[PDB]
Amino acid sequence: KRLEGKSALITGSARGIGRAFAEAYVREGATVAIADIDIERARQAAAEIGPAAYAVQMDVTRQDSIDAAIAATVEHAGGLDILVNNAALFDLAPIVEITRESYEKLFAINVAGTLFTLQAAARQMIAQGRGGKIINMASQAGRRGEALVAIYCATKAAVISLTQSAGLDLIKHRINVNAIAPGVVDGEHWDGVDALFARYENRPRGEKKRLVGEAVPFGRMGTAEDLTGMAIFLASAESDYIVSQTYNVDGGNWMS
């Protein structure tokens, strides 16, 4: 259907939102590179999704790994039509406990990883002369700061800015750069996230995750399936005029 014969690469797609996007894209006729640092699980996820999906080992913190992931897409799929920068790390600390290690690690994956993957995808798309779709994964966190989330908020704000900058620079090549800003999405990560808020806000385990879910205007915590519609749309021809946008898909958590 909507992505018929398109070749996609989704960073960090072995599980969670990225794997949901990869399954949605295969259903819509795309060939999909399940790019992940977890090459074992990616190989698993590709085998389960079907012949249209194939595993690619990728660490977005390393230039050589980014360049070999793109080349791998050219090898298997004939080229690259759609990049989703999905790989991300979360962290939480009050200002006076923020570590250089936290700053370096989250900026390396969330910003540099996105920026240099986007740059390598753009180079391939410019060389093909057929245009392209790039979708960055932002967050409600990139829309506004939080006392305890300065580092991840800042990374996601840099993503929104990069989305804007790259979108204006690459549209002359018929490459659309846009971003999705999820709200709060349910899954295994919330054990960590809830723990981190629990400690600093002094809460019973699971309280944070309960309150956050109940405060989503829509009435529940997000699923990956909430986001797959937008992911297909922004990779499809029905989004050709859409440039340098961040679209919140977040049950009303943040209004942009």
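Numbers follow the displayed sequence, beginning with 1.
Colleague: On mean C-alpha B-factor from the PDB entry, just flag whether 159 to 167 or 88 to 96 is the higher one.
Modeller: Mean C-alpha B-factor is greater for 88 to 96.
Colleague: On average, are the C-alpha B-factors higher in 207 to 215 or in 54 to 62?
Modeller: So the stretch with the higher mean C-alpha B-factor is 207 to 215.
Colleague: Quiz for you: based on the deposited Cα B-factor, which of 180, 108, 177, 72 is highest?
Modeller: By C-alpha B-factor in the record, 72 ranks first.
Colleague: Could you tell me which third, lowest, middle or highest, the C-alpha B-factor of residue 172 occupies within its chain?
Modeller: Middle third - that is where residue 172 ends up once the chain's C-alpha B-factors are sorted.
Colleague: Taking the values exactly as deposited, rank residue 82 by C-alpha B-factor within its chain and report the matching third: lowest, middle or highest.
Modeller: Lowest third, going by the recorded CA B-factors of the chain.
Colleague: Please place residue 127 in the lowest, middle or highest third of its chain according to the CA B-factor in the PDB entry.
Modeller: According to the entry, residue 127 has a C-alpha B-factor in the chain's highest third.
Colleague: Taking the values exactly as deposited, rank residue 29 by C-alpha B-factor within its chain and report the matching third: lowest, middle or highest.
Modeller: Within its chain, residue 29 is a middle-third residue by C-alpha B-factor, going by the deposited values.
Colleague: Ordered by C-alpha B-factor within the chain, which third holds residue 35? Give me lowest, middle or highest, please.
Modeller: For residue 35, the deposited C-alpha B-factor lands in the middle third.
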